[PDB]
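K.L.:
Encoded as structure tokens, here's the structure I'll be asking about.
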Amino acid sequence: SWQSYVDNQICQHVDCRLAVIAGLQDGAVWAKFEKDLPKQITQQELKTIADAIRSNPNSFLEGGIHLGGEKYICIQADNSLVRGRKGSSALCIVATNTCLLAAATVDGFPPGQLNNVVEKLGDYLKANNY
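In PDB author numbering, each number is its position in the sequence shown, counted from 1, plus 1.
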């Protein structure tokens with residue numbers, strides 16, 4: 002299931018604050034895991050991200066990356082990979098052929114392990130034409 006990808010492939014390999022798989026066209030949530038977020042992740046947040054990663058990755062520089070009612074400052078943005086930080090919490094977002102994959106880790110978790118896990122799942126999905 003989509004939820005098993007979130008709970009196992011992502012959140013048993015990193016210590017998640019959040020993880021989500023959503024549709025790249027409409028931001029529909031296919032699966033999600035949350036820890037202790039100020040607000041539940043919304044389709045509106047996901048669609049905003051999807052539209053920016055598809056049409057203008059620079060938009061994340063103005064006003065940040067909003068997910069779970071939290072703002073992450075952008076440290077990397079292009080049409081298939083966006084990364085951010087909120088304090089010592091890292092965020093990594095990938096666009097596959099059909100999906101947005103996003104995960105953020107608890108305070109202090111190594112950003113590179115997060116990036117490696119998300120990018121690896123993205124590559125698996127892309128290799129299956131997802």
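Every residue, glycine too, gets a C-beta built ideally from N, C-alpha and C.
1. When DSSP labels each residue in this structure, what does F34 get in the three-state scheme?
2. Sort out for me which residues DSSP pairs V21 with in a bridge.
3. Can you tell me whether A91 is buried or exposed? The criterion is at least 16 other CB atoms within 10 Å of its CB, across all chains shown.
4. I need the boundaries of the alpha helix (DSSP H) containing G85, first residue and last residue.
5. Report all residues from its chain with a CB closer than 8 angstroms to the CB of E46; omit the five preceding and five following residues, and keep chain order.
6. Return the chain-ordered list of same chain residues with a C-beta closer than 8 angstroms to the C-beta of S2, the five sequence neighbours on each side being excluded.
7. For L126 versus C93, is the C-beta spacing smaller than 7 angstroms?
P.N.:
Let me lay it out:
1. Reduced to three states, the DSSP call for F34 is strand.
2. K33, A103
3. buried
4. Per DSSP, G85 belongs to no alpha helix (DSSP H); it is in the beta strand (DSSP E), 82-87.
5. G28, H67, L68, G69
6. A32
7. no
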